[PDB]
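Got an experimental structure here, sequence first:
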Number of protein chains: 2
Amino acid sequence: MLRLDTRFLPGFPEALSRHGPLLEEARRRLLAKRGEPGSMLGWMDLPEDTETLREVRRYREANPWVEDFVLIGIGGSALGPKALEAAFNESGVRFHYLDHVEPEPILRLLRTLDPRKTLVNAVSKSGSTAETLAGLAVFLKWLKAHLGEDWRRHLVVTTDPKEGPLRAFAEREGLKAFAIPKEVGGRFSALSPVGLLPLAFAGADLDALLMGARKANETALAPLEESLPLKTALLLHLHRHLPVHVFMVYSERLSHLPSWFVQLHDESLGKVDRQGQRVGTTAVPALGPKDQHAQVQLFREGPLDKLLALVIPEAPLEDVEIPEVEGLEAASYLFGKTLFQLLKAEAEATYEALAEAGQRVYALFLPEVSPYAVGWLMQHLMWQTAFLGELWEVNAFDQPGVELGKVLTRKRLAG
Amino acid sequence: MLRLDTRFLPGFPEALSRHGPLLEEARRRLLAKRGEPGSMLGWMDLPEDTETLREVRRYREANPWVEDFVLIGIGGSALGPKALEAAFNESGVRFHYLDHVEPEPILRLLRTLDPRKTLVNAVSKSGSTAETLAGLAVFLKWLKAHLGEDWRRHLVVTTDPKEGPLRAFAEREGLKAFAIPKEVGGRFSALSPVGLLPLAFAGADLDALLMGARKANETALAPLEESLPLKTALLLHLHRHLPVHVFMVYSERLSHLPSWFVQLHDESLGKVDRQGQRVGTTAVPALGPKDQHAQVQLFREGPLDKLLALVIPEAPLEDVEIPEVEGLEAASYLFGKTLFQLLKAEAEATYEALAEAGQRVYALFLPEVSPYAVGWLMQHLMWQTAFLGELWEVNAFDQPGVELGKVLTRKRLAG
């Protein structure tokens, strides 16, 4: 059960009632856009597509030879997969993310990977993302050079079902391809094959992941008092006057989740509203307890300009008891305790410390770090973001600001 | 040679001139503090220690059996090492960082690493950091159980030369130990054995790293016009009221540098000044070009409340030509160009786009990503930060805010 804790924000229950109408209206506006072509709300439906999932799995089982999975993708095509694979890799398959174009790290891959054991997954919604095309071209030459005509079995594409150069290339070469639904933006595509394909090779429980996401869907359409997504949307809305929103996760397995959320929040809400005003808060990634040794100092004695969300697990999947050390008595207070016990204590300690310093902070508790709880959390955050899009009167599903950089890049490349 | 570019900040030359006296005094105040025990300015001298790096090299050479290096450390004892090792690993030795206490990831390491090929490095300045003592306890049991009498050779300690439980433990057990100078704080310890030891096993050029840092020391003492650290200190100072400071690096090899800077900036300047006021800006990490697909959208159309610094390399160490692909004509504009050429184009393009959007942005150019250039950059930033400590009238070398969390943690664990 994903649980919202606002022990340090006493006025919330009342503020929720007060803003009930506003929230109901924001939700009404969003839902009224479904089915409308181009509204980009397809991410709502991904958790219900259990058939594509079985298809992804079948393909994975038909290719047990894969030892190295090279995902050539950037942004929405990489952050979700990275976040999920780092947390649920049970298969031992090695994942390499080409979410950049710096030559050296890529040459190292070409020189250390066995072509016969490598599967390249080119991922891009439009299929024309510059970085991905560049990386693909490099890996294609490599594949053909080492595998001859047997290269095609080593390249799988994930892109729009009909449009774009990747789709066309896949059709032309008879390559296996998965689809990113037309109405699903890259930023909201984590639960589509974008995330499902690599997770299948990672041997994660895809069914549990989607089960969690479907539960989040239920909370999104539930009565206000049970609509967690609307509650957290309100929390951010009520603190929209604070420029920074910190997303801190107390888990190493979920070390890549903060980055995924930063993109979700930043790219969705950093927009010009209906009123022509530049809006959006700055999402800042953090991990616990490591960031108690990097950013907490600032949260504690720096400006009171932040709204902090802490994601805390309540149980481990497999704990470890901290053993006694002869000759190291200074650590005796730890002996007998478990690592998760230390993890949880630090999370609770920091949560309190942040509140004691006057910062506005709340927590989202996860029963444990599992596909079910994480799928719930991610889908929840996508809903949160979508609702905020209504409350802030912006288009939460586009990204007008990234176009110029692409044009200027082409210019400098050509002349 | 590091290069500062302020092409999109036309009023900077006048501002530098006008604030000349202020900057000169900030520098004088900092330098006047040297010599005085407890000033925590030992990081200025690390580049001139031409004895310790030899000792580090000899130790490494005497242990060519290491295939896996497990660094148990957090915050200042982990970020510097991660940033450096990720950028300069030439040996292929696999590094594992215990900068957390979540049970599963650690259990995975205990079950997949070969004890005979593993070297454990416990790093902590105080020697009593909770997370590190817990991680060490666990690995100690593991080492003893699988290595017998030869366990001691697989554990090396990096801590204060005289204080703390780690120092005492190392002397009691006859373990190899390296020293973090008394006057060197954790977040300023990257060029001490904290970073030198792991870098040695990574096969990187330690000498070049310190030489580059020495160059930065020179710039810190140079005439104002040539003192890059005082110039960037001014830039951050002139935007001290803006809540956010983005640090974006256009390199994958340096993917861990932003995190290192965030701790350096946040923990040092997020303080209560001498007038009792809360000060400090929020450092936000970013990587190029991947963040053009995640955070740039917000920088482009969101609030103009940031000062952005872009770190851009000017040359690759080894480039890669993007090969033409038969059947992928939509990518022909990339054929013939190189990966670095693309990287550079995107960096310049984004730098300009950010300025076009009205954001206060500047760039720091590195000749290439090398120990020399990066050592220069890191030392430059430490000076920048120390100068800012004077300009903002705060103690940039302590961290009062993290104590409560530790106290509450012990309280929780006890009961």
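Sure, I can see it. Residues are numbered from 1 along each chain as shown, chains lettered A, B, ... in the order given.

Identify each buried residue in the strand or helix carrying residue A:377, please.
Using DSSP states H and E, residue A:377 sits in helix A:371-391. Across helix A:371-391, burial judged by 16 or more other CB atoms under 10 Å in any protein chain shown covers A:371-391. Using the backbone N, CA and C atoms, a C-beta is placed for each residue, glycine as well.

just checking, residue A:158 is part of a helix?
No: under the criterion used here (DSSP: H, G, I helix; E, B strand; the rest coil), residue A:158 is strand, not part of a helix.

can you give me the end-to-end distance of stretch A:313-332?
Distance between the boundary residues of stretch A:313-332 (CA to CA, to the nearest Å) amounts to 25 Å.

Then stretch A:275-286?
Separation of the first and last residues of stretch A:275-286 by CA to CA is 32 Å.

buried set for that stretch?
Using 16+ other CB under 10 Å as the test for burial, stretch A:275-286 gives A:278-286.

got it, and stretch A:213-220?
So stretch A:213-220, judged by 16+ other CB under 10 Å, has buried residues A:213-217, A:219-220.

so of these, which ones are in strands?
Among the buried residues of stretch A:213-220, no residue falls in strands (DSSP state E).

from memory residue A:173 sits against residue A:149, does it?
No: shown here, residue A:173 and residue A:149 do not form a contact pair, counting by CB atoms under 8 Å, at 10.5 Å.

Could you pull up the contacting residues of residue A:252?
A:287, B:99-100, B:102, B:105 (CB atoms under 8 Å, 6 or more residues apart in numbering or on different chains).

ok, of those, which one's closest to residue B:292?
Set against residue B:292, the nearest of the contacts of residue A:252 by CB to CB is residue A:287 (23.5 Å).

Pretty sure residue A:310 sits in a strand.
Yes: with three-state DSSP as the criterion, residue A:310 is part of a strand.

before we move on, the earlier item: near chain B, from the buried residues of stretch A:275-286?
Contacts with chain B within those, as defined by CB under 8 Å from any CB of the partner chain: A:278-280, A:282, A:284-285.

sorry, back to before: between residue A:173 and residue A:149, who's got more neighbours?
Shown here are residue A:173 and residue A:149; by other CB atoms under 10 Å in any protein chain shown, residue A:173 has more neighbours (16 against 7).

Does the closest residue to the more buried one other than its chain neighbours fall in a helix, a strand, or a coil region?
Using CB to CB, 6 or more residues apart in numbering or on different chains and skipping residues adjacent in sequence, the residue nearest residue A:173 is residue A:152, 5.6 Å away. The three-state label given to residue A:152 by three-state DSSP is helix.

Now name the helix or strand holding the residue nearest the centre of chain A.
The centroid of chain A falls nearest to residue A:260 when counting by CA atoms, centre = their mean (3.4 Å). Element membership for residue A:260, per DSSP H and E: helix A:257-269.

after that helix, next one along is what?
Next helix or strand after helix A:257-269 toward the C-terminus (DSSP H and E): strand A:271-272.

what's near enough to touch the residue nearest to residue A:173?
Counting by CB under 8 Å, 6+ apart, residue A:152 touches A:173-175.

Helices - which of the residues you listed land there?
residue A:173 (DSSP state H).

related to what we said a few turns ago, for residue A:387, see how far away the residue nearest to the centre of chain A is.
Separation of residue A:260 from residue A:387 (CB to CB, to the nearest Å): 18 Å.

Kindly report the same for residue A:261.
Per CB to CB, residue A:261 is found 15 Å from residue A:387.

Much appreciated, bye for now.
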